[PDB]
Amino acid sequence: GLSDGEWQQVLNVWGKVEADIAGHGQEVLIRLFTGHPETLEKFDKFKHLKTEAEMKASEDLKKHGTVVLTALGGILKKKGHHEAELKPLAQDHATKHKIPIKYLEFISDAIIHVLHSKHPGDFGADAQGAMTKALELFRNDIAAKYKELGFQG
Ligand code: HEM
C-alpha cells in the first residue's frame, strides 16, 4: 500500500482539487473523452457532444465531473481502508455501466495530466509518485472485484 508520509502527500494534493472540484472534474472528463473517444460512447448523456467547445459549454458535464471527484475524494480519505465504499462502485461499473478496467487506467492518467496542467511546478516529484501509487491501489482493488464477477470488457 502506501506509507503514512505518502498518504500525507496524497491528501495535501487533494486539497488543491477541493478548491475547485467542478473545474478539475470537467477538465478530467474532457481529457478522457478527447484522448479516447470510445469512452464517450458509454454515456448516453454526453454522446451528443462532438466538439471540445461543446464539452466546455456543458454544465451537465461539469456536474458529472463533480460527482466523480466527490466519490474519488471520499475513497482517498479512507487511506486504503476503503472496501466498504469501493465494492459497490466496482459492482455497478462492471455489471451496470460495463466499463473495462482499461478505461479506469485512462481516467487515472487524465487526473495526473490535469494536475500538472493546472499546477505546473506545484506538483512535484514526491507528490506525483504518491498520487500515482494511490490511483494504482484504487485500480487494483477494482480489478479484484472485476475478477470475481468475470468481467472482461
Ligand atoms: C475515478 C473513477 C470513477 C469514479 C470515482 C466514478 C464514479 C461514478 C459515480 C459515483 C457514478 C454515479 C452512480 C453510479 O451509477 O454508479 C458514476 C456513473 C457512471 N460512470 Fe463512473 N466513475 C469513474 C470512472 C468511470 C469511467 C472511466 C467511465 C467510462 C469511460 C465511467 C462510466 C460511468 C457511467 C456511464 C455512469 C452513469 C452516468 C449517468 O449517465 O448517469 N465511470 N460513476
# chains A, B, ... in the order shown; residues from 1 in each chain; ligands from 1

$ residues_around --residues "residue A:46" --least-positions-apart "6" --cutoff "12 Å" --atoms "only C-alpha atoms" --output "short mmCIF file (atom, residue, chain, number, x, y, z; two decimals) with N, CA, C and O atoms, in the first residue's frame"
data_model
loop_
_atom_site.label_atom_id
_atom_site.label_comp_id
_atom_site.auth_asym_id
_atom_site.auth_seq_id
_atom_site.Cartn_x
_atom_site.Cartn_y
_atom_site.Cartn_z
N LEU A 29 -12.66 14.82 -17.34
CA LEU A 29 -13.59 14.18 -18.32
C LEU A 29 -13.29 14.66 -19.75
O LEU A 29 -13.38 13.87 -20.72
N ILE A 30 -12.95 15.94 -19.97
CA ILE A 30 -12.62 16.40 -21.31
C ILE A 30 -11.38 15.67 -21.84
O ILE A 30 -11.31 15.30 -23.01
N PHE A 33 -12.37 12.05 -22.76
CA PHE A 33 -13.18 11.96 -23.99
C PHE A 33 -12.47 12.36 -25.28
O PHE A 33 -12.85 11.78 -26.32
N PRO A 37 -12.05 8.76 -27.60
CA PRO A 37 -13.42 8.95 -28.00
C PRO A 37 -14.36 7.81 -27.75
O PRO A 37 -15.57 8.00 -27.54
N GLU A 38 -13.81 6.58 -27.75
CA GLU A 38 -14.68 5.43 -27.49
C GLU A 38 -15.30 5.51 -26.10
O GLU A 38 -16.42 4.98 -25.92
N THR A 39 -14.64 6.17 -25.15
CA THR A 39 -15.20 6.27 -23.78
C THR A 39 -16.47 7.09 -23.73
O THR A 39 -17.34 6.82 -22.88
N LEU A 40 -16.58 8.06 -24.66
CA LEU A 40 -17.80 8.92 -24.69
C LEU A 40 -19.03 8.10 -25.00
O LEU A 40 -20.14 8.34 -24.51
N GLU A 52 -15.02 19.79 -28.42
CA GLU A 52 -14.46 20.13 -27.13
C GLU A 52 -15.13 21.43 -26.64
O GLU A 52 -15.29 21.63 -25.42
N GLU A 54 -18.17 22.28 -27.28
CA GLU A 54 -19.48 21.88 -26.78
C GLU A 54 -19.33 21.27 -25.38
O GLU A 54 -20.19 21.49 -24.53
N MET A 55 -18.25 20.54 -25.23
CA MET A 55 -17.90 19.85 -23.97
C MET A 55 -17.69 20.92 -22.87
O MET A 55 -18.30 20.80 -21.80
N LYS A 56 -16.88 21.89 -23.25
CA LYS A 56 -16.54 23.03 -22.38
C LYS A 56 -17.80 23.77 -21.91
O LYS A 56 -17.85 24.17 -20.72
N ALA A 57 -18.75 23.92 -22.80
CA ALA A 57 -20.01 24.63 -22.51
C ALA A 57 -21.05 23.84 -21.80
O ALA A 57 -22.10 24.38 -21.34
N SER A 58 -20.87 22.53 -21.61
CA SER A 58 -21.88 21.70 -20.95
C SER A 58 -21.83 21.75 -19.43
O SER A 58 -20.85 21.33 -18.77
N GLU A 59 -22.92 22.27 -18.85
CA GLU A 59 -23.00 22.36 -17.37
C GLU A 59 -23.27 21.00 -16.78
O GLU A 59 -23.00 20.69 -15.61
N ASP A 60 -23.88 20.17 -17.64
CA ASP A 60 -24.22 18.80 -17.23
C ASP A 60 -22.94 17.98 -17.04
O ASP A 60 -22.90 17.15 -16.12
N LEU A 61 -22.00 18.25 -17.92
CA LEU A 61 -20.70 17.53 -17.91
C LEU A 61 -19.93 17.91 -16.67
O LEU A 61 -19.30 17.13 -15.97
N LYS A 62 -20.01 19.21 -16.36
CA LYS A 62 -19.34 19.74 -15.15
C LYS A 62 -19.92 19.07 -13.92
O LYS A 62 -19.15 18.69 -13.02
N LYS A 63 -21.21 18.90 -13.87
CA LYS A 63 -21.97 18.27 -12.80
C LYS A 63 -21.48 16.83 -12.52
O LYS A 63 -21.20 16.44 -11.40
N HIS A 64 -21.38 16.10 -13.61
CA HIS A 64 -20.89 14.68 -13.51
C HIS A 64 -19.47 14.71 -13.04
O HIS A 64 -19.10 13.81 -12.25
#

$ closest_atom_pairs --of "chain A" --to "ligand 1" --cutoff "7 Å" --atoms "only C-alpha atoms and all ligand atoms" --output "Markdown table"
| residue | atom | partner | partner_atom_place_in_ligand_line | distance |
| --- | --- | --- | --- | --- |
| A:39 | CA | ligand 1 | 30 (C) | 4.3 |
| A:40 | CA | ligand 1 | 30 (C) | 6.6 |
| A:42 | CA | ligand 1 | 35 (C) | 5.0 |
| A:43 | CA | ligand 1 | 35 (C) | 4.6 |
| A:44 | CA | ligand 1 | 40 (O) | 6.3 |
| A:45 | CA | ligand 1 | 40 (O) | 5.4 |
| A:67 | CA | ligand 1 | 10 (C) | 5.6 |
| A:68 | CA | ligand 1 | 7 (C) | 4.4 |
| A:69 | CA | ligand 1 | 5 (C) | 6.1 |
| A:71 | CA | ligand 1 | 5 (C) | 5.0 |
| A:72 | CA | ligand 1 | 5 (C) | 4.5 |
| A:89 | CA | ligand 1 | 16 (O) | 5.7 |
| A:92 | CA | ligand 1 | 16 (O) | 5.4 |
| A:93 | CA | ligand 1 | 16 (O) | 6.3 |
| A:97 | CA | ligand 1 | 35 (C) | 5.1 |
| A:99 | CA | ligand 1 | 29 (C) | 5.6 |
| A:103 | CA | ligand 1 | 27 (C) | 4.7 |
| A:104 | CA | ligand 1 | 27 (C) | 4.6 |
| A:106 | CA | ligand 1 | 27 (C) | 6.9 |
| A:107 | CA | ligand 1 | 27 (C) | 5.4 |
| A:108 | CA | ligand 1 | 1 (C) | 6.8 |

$ write_last_selection --atoms "C-alpha atoms" --output "short mmCIF file (atom, residue, chain, number, x, y, z; two decimals), in the first residue's frame"
data_model
loop_
_atom_site.label_atom_id
_atom_site.label_comp_id
_atom_site.auth_asym_id
_atom_site.auth_seq_id
_atom_site.Cartn_x
_atom_site.Cartn_y
_atom_site.Cartn_z
CA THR A 39 -15.20 6.27 -23.78
CA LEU A 40 -17.80 8.92 -24.69
CA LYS A 42 -20.58 4.75 -22.77
CA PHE A 43 -22.56 7.86 -21.79
CA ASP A 44 -25.97 8.30 -23.47
CA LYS A 45 -25.91 11.65 -21.65
CA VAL A 67 -19.99 13.56 -8.85
CA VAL A 68 -16.88 11.65 -9.97
CA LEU A 69 -14.24 13.61 -7.95
CA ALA A 71 -16.66 9.88 -4.91
CA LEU A 72 -12.92 9.58 -5.53
CA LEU A 89 -18.68 1.27 -7.12
CA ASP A 92 -22.05 -1.11 -10.86
CA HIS A 93 -19.19 -0.08 -13.17
CA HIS A 97 -22.23 0.54 -16.92
CA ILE A 99 -16.68 -0.24 -18.11
CA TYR A 103 -10.93 2.94 -19.11
CA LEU A 104 -10.09 3.23 -15.38
CA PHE A 106 -7.23 6.12 -18.91
CA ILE A 107 -9.03 8.29 -16.27
CA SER A 108 -6.13 7.71 -13.83
#

$ residues_around --residues "stretch 140-150 of chain A" --least-positions-apart "3" --cutoff "7 Å" --atoms "only C-alpha atoms" --output "list in words"
residues 90, 94, 101, 136 and 137 of chain A

$ write_last_selection --atoms "N, CA, C and O atoms" --output "tab-separated table (two decimals), in the first residue's frame"
chain	number	residue	atom	x	y	z
A	90	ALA	N	-17.38	-0.64	-7.80
A	90	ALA	CA	-16.84	-1.65	-8.71
A	90	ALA	C	-17.96	-2.48	-9.30
A	90	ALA	O	-18.00	-2.70	-10.54
A	94	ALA	N	-18.95	-2.52	-13.37
A	94	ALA	CA	-18.80	-3.77	-14.16
A	94	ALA	C	-20.13	-4.29	-14.72
A	94	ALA	O	-20.27	-4.50	-15.95
A	101	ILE	N	-11.58	-2.31	-17.35
A	101	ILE	CA	-10.54	-1.74	-16.46
A	101	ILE	C	-9.61	-0.84	-17.25
A	101	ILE	O	-9.02	0.09	-16.62
A	136	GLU	N	-3.13	3.67	-8.42
A	136	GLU	CA	-2.86	2.21	-8.77
A	136	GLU	C	-3.57	1.32	-7.80
A	136	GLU	O	-4.19	0.28	-8.14
A	137	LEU	N	-3.49	1.60	-6.50
A	137	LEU	CA	-4.18	0.84	-5.45
A	137	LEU	C	-5.68	0.79	-5.70
A	137	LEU	O	-6.39	-0.18	-5.47

$ residues_around --residues "residue A:1" --least-positions-apart "2" --cutoff "9 Å" --atoms "only C-alpha atoms" --output "PyMOL selection string"
chain A and resi 3+80+133-134+137

$ residues_around --residues "residue A:10" --least-positions-apart "2" --cutoff "8 Å" --atoms "only C-alpha atoms" --output "JSON, numbers by chain"
{"A": [6, 7, 8, 12, 13, 14, 76, 127, 130, 131, 134]}

$ write_last_selection --atoms "C-alpha atoms" --output "compact mmCIF listing (two decimals), in the first residue's frame"
# COMPACT_ATOMS: atom_id res chain seq x y z
CA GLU A 6 2.83 9.06 1.17
CA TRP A 7 -0.82 9.26 2.24
CA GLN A 8 0.02 12.73 3.68
CA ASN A 12 -2.10 17.51 0.56
CA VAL A 13 -2.53 17.32 -3.23
CA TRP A 14 -6.26 16.59 -2.82
CA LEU A 76 -8.85 8.54 -0.91
CA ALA A 127 3.62 14.22 -4.90
CA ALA A 130 2.32 9.24 -4.15
CA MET A 131 -0.76 10.11 -6.29
CA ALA A 134 -2.79 5.82 -4.76

$ atom_distance --atom1 "atom CA of residue A:31" --atom2 "atom CA of residue A:17"
16.0 Å

$ closest_residue --among "A:113, A:152, A:124, A:87" --to "residue A:35" --atoms "only C-alpha atoms"
A:113

$ atom_distance --atom1 "atom CA of residue A:77" --atom2 "atom CA of residue A:11"
7.2 Å

$ atom_distance --atom1 "atom CA of residue A:24" --atom2 "atom CA of residue A:47"
20.8 Å

$ select_by_dssp --residues "stretch 2-119 of chain A" --states "helix (DSSP H, G or I)" --output "number ranges by chain"
A: 4-18, 21-35, 37-42, 52-57, 59-76, 83-95, 101-118

$ closest_residue --among "A:110, A:115, A:125, A:75" --to "residue A:28" --atoms "only C-alpha atoms"
A:110

$ closest_residue --among "A:91, A:79, A:135, A:16" --to "residue A:122" --atoms "only C-alpha atoms"
A:16

$ decode --residues "stretch 25-64 of chain A" --atoms "N, CA and C atoms" --output "CSV table (one decimal), in the first residue's frame"
chain,number,residue,atom,x,y,z
A,25,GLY,N,-12.9,18.5,-12.2
A,25,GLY,CA,-13.8,17.4,-12.7
A,25,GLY,C,-14.0,17.5,-14.2
A,26,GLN,N,-14.4,18.7,-14.6
A,26,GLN,CA,-14.7,19.0,-16.0
A,26,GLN,C,-13.4,18.7,-16.9
A,27,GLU,N,-12.3,19.2,-16.5
A,27,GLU,CA,-11.1,19.0,-17.3
A,27,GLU,C,-10.7,17.6,-17.4
A,28,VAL,N,-10.9,16.8,-16.3
A,28,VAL,CA,-10.5,15.4,-16.3
A,28,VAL,C,-11.4,14.7,-17.4
A,29,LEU,N,-12.7,14.8,-17.3
A,29,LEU,CA,-13.6,14.2,-18.3
A,29,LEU,C,-13.3,14.7,-19.8
A,30,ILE,N,-13.0,15.9,-20.0
A,30,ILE,CA,-12.6,16.4,-21.3
A,30,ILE,C,-11.4,15.7,-21.8
A,31,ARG,N,-10.4,15.6,-21.0
A,31,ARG,CA,-9.1,14.9,-21.4
A,31,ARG,C,-9.4,13.5,-21.7
A,32,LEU,N,-10.3,12.9,-20.9
A,32,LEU,CA,-10.6,11.5,-21.2
A,32,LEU,C,-11.3,11.3,-22.6
A,33,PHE,N,-12.4,12.1,-22.8
A,33,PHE,CA,-13.2,12.0,-24.0
A,33,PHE,C,-12.5,12.4,-25.3
A,34,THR,N,-11.5,13.3,-25.2
A,34,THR,CA,-10.8,13.7,-26.4
A,34,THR,C,-9.7,12.8,-26.7
A,35,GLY,N,-9.0,12.3,-25.7
A,35,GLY,CA,-7.9,11.4,-25.9
A,35,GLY,C,-8.4,10.0,-26.3
A,36,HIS,N,-9.6,9.6,-25.9
A,36,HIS,CA,-10.2,8.3,-26.1
A,36,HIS,C,-11.7,8.4,-26.4
A,37,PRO,N,-12.1,8.8,-27.6
A,37,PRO,CA,-13.4,9.0,-28.0
A,37,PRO,C,-14.4,7.8,-27.8
A,38,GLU,N,-13.8,6.6,-27.7
A,38,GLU,CA,-14.7,5.4,-27.5
A,38,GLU,C,-15.3,5.5,-26.1
A,39,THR,N,-14.6,6.2,-25.2
A,39,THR,CA,-15.2,6.3,-23.8
A,39,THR,C,-16.5,7.1,-23.7
A,40,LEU,N,-16.6,8.1,-24.7
A,40,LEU,CA,-17.8,8.9,-24.7
A,40,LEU,C,-19.0,8.1,-25.0
A,41,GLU,N,-18.9,7.1,-25.8
A,41,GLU,CA,-20.0,6.2,-26.2
A,41,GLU,C,-20.7,5.5,-25.1
A,42,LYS,N,-20.0,5.4,-23.9
A,42,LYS,CA,-20.6,4.7,-22.8
A,42,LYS,C,-21.6,5.6,-22.1
A,43,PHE,N,-21.6,6.9,-22.4
A,43,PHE,CA,-22.6,7.9,-21.8
A,43,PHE,C,-23.6,8.3,-22.8
A,44,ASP,N,-24.9,7.9,-22.6
A,44,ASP,CA,-26.0,8.3,-23.5
A,44,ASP,C,-26.1,9.8,-23.4
A,45,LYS,N,-25.9,10.3,-22.2
A,45,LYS,CA,-25.9,11.7,-21.7
A,45,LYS,C,-25.0,12.6,-22.4
A,46,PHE,N,-23.8,12.2,-22.8
A,46,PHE,CA,-22.9,13.1,-23.5
A,46,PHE,C,-22.5,12.7,-24.9
A,47,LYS,N,-23.1,11.7,-25.4
A,47,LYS,CA,-22.7,11.2,-26.8
A,47,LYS,C,-23.0,12.3,-27.8
A,48,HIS,N,-23.9,13.2,-27.5
A,48,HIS,CA,-24.2,14.3,-28.5
A,48,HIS,C,-23.0,15.3,-28.6
A,49,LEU,N,-22.2,15.3,-27.6
A,49,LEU,CA,-21.0,16.3,-27.6
A,49,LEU,C,-20.0,15.7,-28.5
A,50,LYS,N,-19.8,16.5,-29.6
A,50,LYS,CA,-18.8,16.2,-30.6
A,50,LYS,C,-17.5,16.9,-30.3
A,51,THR,N,-17.6,18.3,-30.3
A,51,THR,CA,-16.6,19.2,-30.1
A,51,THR,C,-16.3,19.4,-28.6
A,52,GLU,N,-15.0,19.8,-28.4
A,52,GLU,CA,-14.5,20.1,-27.1
A,52,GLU,C,-15.1,21.4,-26.6
A,53,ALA,N,-15.5,22.3,-27.6
A,53,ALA,CA,-16.1,23.6,-27.3
A,53,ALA,C,-17.5,23.2,-26.6
A,54,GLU,N,-18.2,22.3,-27.3
A,54,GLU,CA,-19.5,21.9,-26.8
A,54,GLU,C,-19.3,21.3,-25.4
A,55,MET,N,-18.3,20.5,-25.2
A,55,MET,CA,-17.9,19.8,-24.0
A,55,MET,C,-17.7,20.9,-22.9
A,56,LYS,N,-16.9,21.9,-23.2
A,56,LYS,CA,-16.5,23.0,-22.4
A,56,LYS,C,-17.8,23.8,-21.9
A,57,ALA,N,-18.7,23.9,-22.8
A,57,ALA,CA,-20.0,24.6,-22.5
A,57,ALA,C,-21.1,23.8,-21.8
A,58,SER,N,-20.9,22.5,-21.6
A,58,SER,CA,-21.9,21.7,-21.0
A,58,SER,C,-21.8,21.7,-19.4
A,59,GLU,N,-22.9,22.3,-18.8
A,59,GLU,CA,-23.0,22.4,-17.4
A,59,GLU,C,-23.3,21.0,-16.8
A,60,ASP,N,-23.9,20.2,-17.6
A,60,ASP,CA,-24.2,18.8,-17.2
A,60,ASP,C,-22.9,18.0,-17.0
A,61,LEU,N,-22.0,18.2,-17.9
A,61,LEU,CA,-20.7,17.5,-17.9
A,61,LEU,C,-19.9,17.9,-16.7
A,62,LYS,N,-20.0,19.2,-16.4
A,62,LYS,CA,-19.3,19.7,-15.1
A,62,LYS,C,-19.9,19.1,-13.9
A,63,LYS,N,-21.2,18.9,-13.9
A,63,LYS,CA,-22.0,18.3,-12.8
A,63,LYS,C,-21.5,16.8,-12.5
A,64,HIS,N,-21.4,16.1,-13.6
A,64,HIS,CA,-20.9,14.7,-13.5
A,64,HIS,C,-19.5,14.7,-13.0
